[PDB]
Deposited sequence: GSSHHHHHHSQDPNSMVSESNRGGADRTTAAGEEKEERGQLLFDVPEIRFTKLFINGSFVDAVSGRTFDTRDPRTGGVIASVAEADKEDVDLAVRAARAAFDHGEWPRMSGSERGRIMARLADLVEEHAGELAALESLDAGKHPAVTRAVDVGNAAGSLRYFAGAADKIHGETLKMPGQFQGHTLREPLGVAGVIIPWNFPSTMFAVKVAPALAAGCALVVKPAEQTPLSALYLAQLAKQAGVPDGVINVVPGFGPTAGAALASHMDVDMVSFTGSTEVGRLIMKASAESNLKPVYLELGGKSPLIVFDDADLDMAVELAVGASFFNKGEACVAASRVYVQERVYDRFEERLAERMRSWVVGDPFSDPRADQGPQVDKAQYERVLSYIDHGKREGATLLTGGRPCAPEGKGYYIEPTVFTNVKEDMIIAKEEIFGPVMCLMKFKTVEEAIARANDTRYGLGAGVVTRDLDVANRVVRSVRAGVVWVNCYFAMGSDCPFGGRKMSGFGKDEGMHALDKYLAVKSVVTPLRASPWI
């Protein structure tokens, strides 16, 4: 082939520094979306396995070395882990690509690079986490201590396996927490590989526990656990409801939700059309639309709409959908599995039926679970395709007249994850940025953030931040301490 197919080494659960089978001895299969065939038979975690992993994390936090280590010591190990992710980038990229149906070179440069980058950023945060010394109403000394919380429960999706693992694990490790990670059943391989690398880096046993299994089994047990201090969840808005219920029905642990989106990209009259078209293609079709922040709604101002529409249709004619391991041309790979592939085509079918015009794509291909990049035109705001998260290579292209109209239409969603603005006008950019109810707003770009940039939703896209110093908050216990002072010359 073009890229070397990796050898599957880690298929068991990772509890207390060891690779172990499920209590039941049950396995679940992970498949290659390029072929639809079984890659590996992975240990199937259930309630009993989650209990064992939570017990291992509890012992690691309450009695283990990790919270008792200096921030410098924790950051030292976290950096060695970042070094290992970088050293084994190629292997990890192919392993994630084969499991998630993506391009190994894109996975290495984007996914693995961001994973290593997130680990490095928090390794540098570990020795500089600060609390405050407060201003008191009298002869008192007050301060806050920013303590490790305890046992962190992590539930993540299948679209960015390595990045999802790092973005949750990294701020939790720097905070001094012990972890229980439940990766998505569709792509469980990267999380098990990363667990082995953390062991090699010097992360103490019990600090990182990986429990691959099904959501209503393993995931629900973790979200409902009486000895888990917090839960950081990334997935659908509908499953987010169940995570909130699981906490309410258990120990009322704080819940942090990174949910779906229906991200709008607004293109103005003054934009360079060639850059705006190229930006829109990337924004909508990166990772075959299996991106939470994907620009599923593209808004183009009436004066340049016809030109944009023509240039977009022309650009899509040179776009290649195929096997990233055998085809060099390949711009897009297959969808994660059978269930997702049926779901996108059903939405394409819904789009056709409700009266939307098909500009490009709208049908399956195969040189596997391949769908061509779809662009819907003459889209009404009330349409299913306009409102619902498709999570596939589907773009809704719309026309607008005013700045006011662009703002109101961008905000006409239950969601509020990301948004984009393409304009040269400083006053238009400022107005649009400040008026769109989204957690992240890109101006004349898309996706670009870095680990210093906090990422989180607004409205039904969730709450809580991943990345930035902001990410640490969910993993820390803020403790206020008050004592009287005797004859202090100042207060």
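| task | Enumerate the deposited-sequence segments absent from the coordinates, judged by C-alpha atoms, in order of position. | result | Those stretches are 1 to 40, 408 to 410, listed in order.
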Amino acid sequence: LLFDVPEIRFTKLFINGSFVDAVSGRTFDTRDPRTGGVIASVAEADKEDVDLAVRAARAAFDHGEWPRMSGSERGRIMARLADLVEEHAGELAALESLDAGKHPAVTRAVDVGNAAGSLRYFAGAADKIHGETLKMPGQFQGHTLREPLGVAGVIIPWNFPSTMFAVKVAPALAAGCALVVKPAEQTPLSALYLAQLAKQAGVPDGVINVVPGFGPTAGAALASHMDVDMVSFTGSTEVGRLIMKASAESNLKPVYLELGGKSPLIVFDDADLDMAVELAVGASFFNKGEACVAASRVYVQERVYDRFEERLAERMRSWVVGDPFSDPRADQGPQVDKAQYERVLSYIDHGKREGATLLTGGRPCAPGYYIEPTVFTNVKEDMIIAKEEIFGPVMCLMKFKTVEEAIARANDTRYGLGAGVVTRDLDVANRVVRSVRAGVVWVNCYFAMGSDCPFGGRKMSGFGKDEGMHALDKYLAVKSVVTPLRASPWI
From here on, numbers count along this sequence of modelled residues.
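| request: Using the B-factors recorded in the PDB entry, average over the C-alpha atoms of 167 to 175 and of 308 to 316, then report which stretch comes out higher. | output: Comparing 167 to 175 with 308 to 316, the higher average CA B-factor belongs to 308 to 316.
| request: Would you mind comparing 353 to 361 and 395 to 403 for me and telling me which has the higher average C-alpha temperature factor in the entry? | output: Averaging CA B-factors over each stretch, the winner is 353 to 361.
| Looking at 372, 127, 132, 229, which has the biggest Cα B factor in the entry? | Among 372, 127, 132, 229, the highest C-alpha B-factor in the entry belongs to 372.
| task | Check the PDB entry and point out which of 119, 330, 77, 265 has the largest C-alpha temperature factor. | result | Highest C-alpha B-factor among the listed residues goes to 330.
| query | Is the Cα B-factor recorded for residue 45 in the lowest, middle or highest third of its chain? | reply | Top third by C-alpha B-factor.
| field | Ranked against its chain, the third holding the CA B-factor of residue 418 | value | For residue 418, whose C-alpha B-factor we compare with every modelled residue in the chain, the answer is the lowest third.
| message | Based on the deposited C-alpha B factors for this chain, I'd like to know if residue 68 is in the lowest, middle or highest third. | response | Lowest third - that is where residue 68 ends up once the chain's C-alpha B-factors are sorted.
| task | Going by the recorded CA B-factors, say which third of the chain residue 253 sits in, lowest, middle or highest. | result | Within its chain, residue 253 is a lowest-third residue by C-alpha B-factor, going by the deposited values.
| request: Sort the modelled residues of this chain by their C-alpha B factor and say whether residue 34 lands in the lowest, middle or highest third. | output: Residue 34: CA B-factor falls in the highest third of its chain.
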